[PDB]
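Engineer: One structure, pasted below without further comment.
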Amino acid sequence: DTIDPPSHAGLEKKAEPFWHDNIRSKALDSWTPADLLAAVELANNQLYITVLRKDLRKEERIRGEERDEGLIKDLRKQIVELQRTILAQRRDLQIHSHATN
Amino acid sequence: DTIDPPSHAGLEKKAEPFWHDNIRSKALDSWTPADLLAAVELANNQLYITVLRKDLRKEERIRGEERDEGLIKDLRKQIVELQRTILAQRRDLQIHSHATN
Amino acid sequence: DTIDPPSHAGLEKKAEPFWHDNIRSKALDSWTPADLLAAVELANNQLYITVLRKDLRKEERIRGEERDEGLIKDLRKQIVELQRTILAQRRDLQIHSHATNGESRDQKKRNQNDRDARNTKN
Amino acid sequence: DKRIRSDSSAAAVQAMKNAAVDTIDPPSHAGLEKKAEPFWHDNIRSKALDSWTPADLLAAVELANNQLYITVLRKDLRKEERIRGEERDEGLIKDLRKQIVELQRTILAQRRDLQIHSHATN
Amino acid sequence: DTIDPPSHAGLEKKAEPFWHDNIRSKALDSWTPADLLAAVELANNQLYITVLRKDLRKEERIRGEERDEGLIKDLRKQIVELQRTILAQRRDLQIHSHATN
Amino acid sequence: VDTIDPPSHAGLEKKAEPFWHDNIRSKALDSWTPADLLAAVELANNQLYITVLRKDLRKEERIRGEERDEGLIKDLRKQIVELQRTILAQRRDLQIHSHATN
Amino acid sequence: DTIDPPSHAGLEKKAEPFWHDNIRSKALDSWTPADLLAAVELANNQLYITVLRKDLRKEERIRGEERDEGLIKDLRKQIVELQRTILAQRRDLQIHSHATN
Amino acid sequence: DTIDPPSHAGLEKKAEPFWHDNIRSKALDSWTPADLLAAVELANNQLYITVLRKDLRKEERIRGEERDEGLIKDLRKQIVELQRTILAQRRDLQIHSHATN
Amino acid sequence: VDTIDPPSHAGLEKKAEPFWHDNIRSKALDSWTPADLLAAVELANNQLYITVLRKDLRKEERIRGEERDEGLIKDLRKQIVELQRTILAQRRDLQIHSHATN
DNA sequence: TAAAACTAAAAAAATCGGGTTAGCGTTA
DNA sequence: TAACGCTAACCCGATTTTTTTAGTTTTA
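Protein chains in written order, with this note's numbering: chain R, 1 to 101; chain G, 1001 to 1101; chain F, 2001 to 2122; chain X, 3001 to 3122; chain U, 4001 to 4101; chain Y, 5001 to 5102; chain V, 6001 to 6101; chain E, 7001 to 7101; chain D, 8001 to 8102.
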């Protein structure tokens, strides 16, 4: 009850869980080839947030002179940029809540 | 009564109270798998504001030469950025007041 | 009647007056659990403006070499940013005037009648 | 549910009831500055008294404080513009000029949010 | 016939000509107390443009080493910012052409 | 007669009069309010000022060698675009843009 | 048949070809005096792009130490800014395709 | 079954898989010559994301003094810029989900 | 004759002609005004210029070691996105975007 | 060389044209 | 004590202004 991702698109291995969730959220007939390309980019981004968040939690534990507040500031911003991009991607595929019921 | 969060998404442990509140705000049938991924990001952010606010109140108590006005300025900005992101996330899930009232 | 704020959300103690005012501005049945979380953030910000304004008035009194014009400039900007964020928060909860009274054009007459009353008096 | 027709007798009662109570008093916790009261009274009188919610009144304090604060900054600016020679701080002059425009634009947004802009009142 | 400006608002003396022109541009009954406050800010800005333009013409006459191109650049920008603000203010009072034509 | 005269206090520059006359003729004379006429002075002054800046820019572009100031050239180019975009907004505000006049 | 450009507006001599094209693209009766002023600015800009592009092609030929990558970058940006301004100007005069098709 | 890309447009060789997917997502009669040019730019961008992502994963493996956090920051931003441009391109060709579903 | 010829003064580059012909054919010939043809030259020149910048970029990306200029690489990448976005605006302005033609 | 400050375009908020309720006098 | 004749308040979908934001330039 799913589709398999395009080979050329380059879905990361740990992103598959995310891919399956996105595809199941809209009628299977309604996925075009163009949409499936776009869905790879969405899944990759949803994965990448988990990776950056891990990086950030590490840096926040360090305390004293070693603590890099500049890096902390950057990781915080990169996480918000991804989150907002993901909202745009969802809207583009019409799998945002307004379009689904 | 509620749904359980996706394992791969990475909901932080102290964010569960927030997760439960968000899911209860809209009919259970109307949550898709894509929406549940998005709801993890919302809950994590609602938690993270409480964490930053604690950090800020600490720095504001310090007075004299030790007081870092640059860090105070940054924490204040990061808190507004999160707040505005949360409004966007709510709208995307249709759990903002207009959609529920 | 009112609602009590969520424990986990972390409403600051001196923010309670603000919380009560916001909740009373819309029908109690119409508050969801998601909205109540959002209402804590609104109340905290309405409090925090009063705190920054106090900080600013202090710095503006200082004169001479000690006067920090850079800090004065920053506090002034932070106050406008908060104010604009509060307008967005209000809109999100539908407790801004448009949502609690309707389209602008549908307020025209209501107001006229009041202006009229106010003359008959004088 | 629907609001009373502005035709109704009922409507004309509320209007007369309204103008008897001339104004509302500002929330204590909000922190209206003392010299801002004149501005507060003008804003409240510009729309029907029944139509002010508790949420709106909090927001109206922020509007009044800003309308006052413009007069304060403008005084500061006129002082600096008189100074000439080496003492003249063109950097501060530039900043005061910008802060005044930012406030002005914020005030327009605040008015619209409370529905006391001309479109809603005329 | 006209209205008199609020005392506390602080209409500058040389701004009165501008004040009178703005008030005459819409029916006298239709000015509320809130509008009159707002109209002071409009009149002060229409005055202030004339003041800055005088300052600019002075600096543009100076030539050689004394010429301050940085100040010239700033005065030019300040004049455009005022002009754009005045268009917003006009719209807010409904004395822009669309509302009066 | 054909036109209106500009408000004295507004400060229409002398060489801007040709522009003023063109703008006023572009909409019915009865339809000009006192508020509009103030706004129309700012429009005319800006339409003049573009011609002045353009002259300044063409001078600097002729200079070549070490004397050539590329920083000033860059600034004059930007100032001219900002004015042009402001003029579009001003026209819209007076309803003398093409959409309103057919 | 065409109209002749206003003298005071300052249409550049080599811009006339552009002027003629723009005027012919909409009914002659429908040009007001205000529009003709605006049309001069459009024609001057359409000319000036050709001039900057020539400047850019010169700089791109130079190679070695003499090559100014900073100027190349600036000329590239100035050309895009003009192009986008021209789109706005066209729309304002209602000689864009939507209005004429 | 498909169309062949314009020679002058310059579709990169490894982009062909992407090209085929995009063309198949809309009725063949409905592709104009202008659209086909635009579709080359879309395909090239969908390819180029895979290339940048590879570059980024390399830099993220390096640790110690050699690690360039500045380059890591830049690659992360360039990937989001491409992704947002791709959404605009899709909308322009009407092969986004709203137009096809 | 199923196309139009470009205005001489507009300055269509020689290698841009293939692009010009494709754009003109994408909309009914009667519907091209003289103003549109000027605008269409700018569109064609930009569609060409992307191919030129992309070639420049691929050269710089091959260089590795100390010679590699990451600053130039960053700039070329940005210039390519700016052009792309401008082209979308130009298409819409001429009504040869898919919505108008489908 | 990073931090502050500008600036288009997209996402959002307000407005608007035209239709439908439904209250409420007022005429009988 | 009704029935009828208006209007005000609300509603749906379209379009117009405005804010927010992603992204660039500037300045110390």
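From the three backbone atoms N, C-alpha and C, an ideal C-beta is built for every residue, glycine too.
Indicate the three-state DSSP secondary structure (helix, strand or coil) for residue 3128 of chain X in the structure shown.
Structural biologist: Residue 3128 of chain X cannot be examined here, being either before or after the span of chain X that is shown, 3001 to 3122.
Engineer: Three or more C-beta pairs under 8 Å: does that hold for the segment 57-72 of chain R against the segment 27-35 of chain R?
Structural biologist: Output reads no: the segment 27-35 of chain R does not touch the segment 57-72 of chain R.
Engineer: Compare the C-beta of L4028 of chain U with all C-beta atoms of chain Y and state if any pair is closer than 8 Å.
Structural biologist: On the fifth sequence, residue 4028 of chain U is found 28 positions in, with the first residue counted as 1. It does not; no Cβ of chain Y falls within 8 Å.
Engineer: What residues from chain R crowd round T7100 of chain E, counting only those whose CB sits closer than 9 Å?
Structural biologist: Stepping through the eighth sequence from its first residue, residue 7100 of chain E is reached at position 100. Simply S30, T32, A34 and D35.
Engineer: Thinking C-alpha only, which one of V:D6068, V:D6001, V:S6025 and V:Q6046 is nearest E6012 of chain V?
Structural biologist: Taking the seventh sequence and counting its residues from 1, the one referred to as residue 6012 of chain V is at position 12. Among V:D6068, V:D6001, V:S6025 and V:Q6046, the Cα nearest to that of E6012 of chain V belongs to V:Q6046.
Engineer: Tell me whether the beta-carbon of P1017 of chain G lies closer than 8 Å to the beta-carbon of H2020 of chain F.
Structural biologist: Within the second sequence, numbered from 1, the residue matching residue 1017 of chain G stands at position 17. Within the third sequence, numbered from 1, the residue matching residue 2020 of chain F stands at position 20. No, Cβ-Cβ distance for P1017 of chain G and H2020 of chain F is not below 8 Å.
Engineer: Anything in chain U within Cβ reach of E5017 of chain Y, meaning under 8 Å, just list it in chain order.
Structural biologist: Residue numbering aside, residue 5017 of chain Y sits at position 17 when the sixth sequence is read from its first letter. Result: empty, since nearest Cβ-Cβ is about 17 Å, beyond 8 Å.
Engineer: Report yes or no: do the segment 2092-2100 of chain F and the segment 2070-2081 of chain F share at least 3 C-beta pairs separated by less than 8 Å?
Structural biologist: No: the two stretches stay apart, fewer than three of their Cβ pairs being nearer than 8 Å.
Engineer: Do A2039 of chain F and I2023 of chain F have their C-beta atoms closer together than 8 Å?
Structural biologist: Numbered from 1 along the third sequence, position 39 holds the residue referred to as residue 2039 of chain F. Numbered from 1 along the third sequence, position 23 holds the residue referred to as residue 2023 of chain F. Contact: yes.
Engineer: Helix, strand or coil: how does DSSP classify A1027 of chain G here?
Structural biologist: Numbered from its first residue, the second sequence carries residue 1027 of chain G at position 27. Reduced to three states, the DSSP call for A1027 of chain G is coil.
Engineer: Should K3017 of chain X be labelled buried (16 or more other beta-carbon atoms within 10 Å of its own) or exposed?
Structural biologist: Taking the first residue of the fourth sequence as 1, we reach residue 3017 of chain X at position 17. Exposed is the call here.
Engineer: Output the boundary residues of the alpha helix (DSSP H) element that contains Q46 of chain R.
Structural biologist: Position 46 of the first sequence, counting from 1, holds the residue named residue 46 of chain R. First-last of the alpha helix (DSSP H) with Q46 of chain R: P33 to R61.
Engineer: If you draw a straight line from the C-alpha of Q2078 of chain F to the C-alpha of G3031 of chain X, how long is it?
Structural biologist: Within the third sequence, numbered from 1, the residue matching residue 2078 of chain F stands at position 78. Within the fourth sequence, numbered from 1, the residue matching residue 3031 of chain X stands at position 31. Each residue's Cα considered, the two are about 18 Å apart.
Engineer: Give a yes or no on whether the minimum CB-CB distance between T3106 of chain X and chain F is below 8 Å.
Structural biologist: For the purposes of this step, residue 3106 of chain X is taken as residue 106 along the fourth sequence, with counting starting at 1. Taking Cβ atoms only, chain F reaches closer than 8 Å to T3106 of chain X, which makes this a yes.
Engineer: List the residues of chain R that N7022 of chain E touches, going by C-beta distances under 7 Å, in chain order.
Structural biologist: Against the eighth sequence, residue 7022 of chain E aligns to sequence position 22. Those within 7 Å of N7022 of chain E in chain R are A34.
Engineer: Is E4041 of chain U close to chain X? Criterion is C-beta to C-beta, closer than 8 Å.
Structural biologist: Counting from one through the fifth sequence, the residue named residue 4041 of chain U turns up at place 41. Cβ-Cβ to chain X under 8 Å: yes for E4041 of chain U.
Engineer: Are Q5090 of chain Y and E6041 of chain V touching if we call contact CB-CB under 8 Å?
Structural biologist: Walking along the sixth sequence from the start, residue 5090 of chain Y turns up at place 90. Walking along the seventh sequence from the start, residue 6041 of chain V turns up at place 41. It is not a contact, given that the beta carbons lie outside the stated cut-off.
Engineer: Classify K8014 of chain D as helix, strand or coil using the three-state DSSP reduction.
Structural biologist: Position 14 of the ninth sequence, counted from the start, is the residue given in the question as residue 8014 of chain D. Reduced to three states, the DSSP call for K8014 of chain D is helix.
Engineer: Please classify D4029 of chain U as buried or exposed, where buried requires at least 16 neighbouring CB atoms within 10 angstroms.
Structural biologist: Start at 1 with the first residue of the fifth sequence, and residue 4029 of chain U comes out as number 29. Label assigned to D4029 of chain U: exposed.
Engineer: Are the C-beta atoms of residue 5107 of chain Y and some chain U residue less than 8 Å apart?
Structural biologist: Residue numbering for chain Y in the displayed model covers 5001 to 5102; residue 5107 of chain Y lies beyond these limits and cannot be assessed.
Engineer: Below 7 Å CB to CB, which residues in the same chain sit around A15 of chain R once its five sequence neighbours on both sides are set aside?
Structural biologist: Mapped onto the first sequence, residue 15 of chain R falls at position 15. So the qualifying residues of the chain are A43, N44 and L47.
Engineer: Grab the span of the alpha helix (DSSP H) containing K2108 of chain F for me, first residue to last.
Structural biologist: Along the third sequence, one-based indexing puts residue 2108 of chain F at 108. Residues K2108 to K2121.
Engineer: For the candidate residues R:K26, R:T2, R:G70 and R:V80, whose alpha-carbon lies nearest to that of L52 of chain R?
Structural biologist: Against the first sequence, residue 52 of chain R aligns to sequence position 52. Nearest option by C-alpha distance: R:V80.
Engineer: Using the Cβ count rule (16 or more neighbours within 10 Å means buried), how would you classify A7027 of chain E?
Structural biologist: Your numbering for residue 7027 of chain E matches position 27 in the eighth sequence. Classification for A7027 of chain E: exposed.
Engineer: If I follow the unbroken alpha helix (DSSP H) through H4098 of chain U, where does it start and stop?
Structural biologist: Within the fifth sequence, numbered from 1, the residue matching residue 4098 of chain U stands at position 98. That run of the alpha helix (DSSP H) goes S4097 to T4100.
Engineer: Check the C-beta distance from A3015 of chain X over to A2117 of chain F and give it rounded, since I have them as a contact under 8 Å.
Structural biologist: On the fourth sequence, position 15 is the one that residue 3015 of chain X refers to. On the third sequence, position 117 is the one that residue 2117 of chain F refers to. Indeed, because the Cβ distance is near 4 Å, the residues count as touching under 8 Å.
Engineer: Can you check whether the C-beta of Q4094 of chain U is within less than 8 Å of a C-beta belonging to chain X?
Structural biologist: Sequence index remark: in the fifth sequence, residue 4094 of chain U carries index 94 (1-based). It does: the Cβ of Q4094 of chain U has a partner Cβ on chain X nearer than 8 Å.
Engineer: Listing by chain order, which chain G residues have their CB less than 7 Å from the CB of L2047 of chain F?
Structural biologist: Numbered from 1 along the third sequence, position 47 holds the residue referred to as residue 2047 of chain F. By Cβ distance, chain G contributes nothing, its closest Cβ being about 12 Å from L2047 of chain F, past 7 Å.
Engineer: Verify the CB distance criterion: does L7056 of chain E have a CB-CB separation below 8 Å to chain D?
Structural biologist: On the eighth sequence, position 56 is the one that residue 7056 of chain E refers to. Chain D contact via Cβ: absent.
Engineer: Count the other CB atoms, across all protein chains shown, that sit within 10 Å of the CB of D92 of chain R; report buried if there are 16 or more and exposed otherwise.
Structural biologist: To locate residue 92 of chain R, count along the first sequence from 1; it is residue 92. The residue is buried, with at least 16 neighbouring Cβ atoms inside 10 Å.
Engineer: Mind listing which residues of the segment 8060-8079 of chain D have their C-beta closer than 7 Å to chain E's C-betas, in chain order?
Structural biologist: Flagged, chain order: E8070, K8074 and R8077.
Engineer: Give the single residue among F:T2120, F:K2109, F:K2054 and F:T2002 whose Cα lies nearest to the Cα of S3008 of chain X.
Structural biologist: Counting from 1 along the fourth sequence, the entry for residue 3008 of chain X is found at position 8. When each option's Cα is compared against that of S3008 of chain X, the closest is F:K2109.
Engineer: What three-state label does DSSP hand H3029 of chain X in the structure shown?
Structural biologist: For the purposes of this step, residue 3029 of chain X is identified with residue 29 of the fourth sequence, where counting begins at 1. DSSP places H3029 of chain X in coil when its eight states are reduced to three.
Engineer: Is the beta carbon of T5086 of chain Y sitting closer than 8 Å to the one on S5026 of chain Y?
Structural biologist: Taking the sixth sequence and counting its residues from 1, one reaches residue 5086 of chain Y at position 86. Taking the sixth sequence and counting its residues from 1, one reaches residue 5026 of chain Y at position 26. No; because the gap between Cβ atoms is not below 8 Å, this pair is not in contact.
Engineer: So, with DSSP's three-state summary, where would you put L4093 of chain U?
Structural biologist: Start at 1 with the first residue of the fifth sequence, and residue 4093 of chain U comes out as number 93. If DSSP states are grouped into helix, strand and coil, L4093 of chain U belongs with coil.
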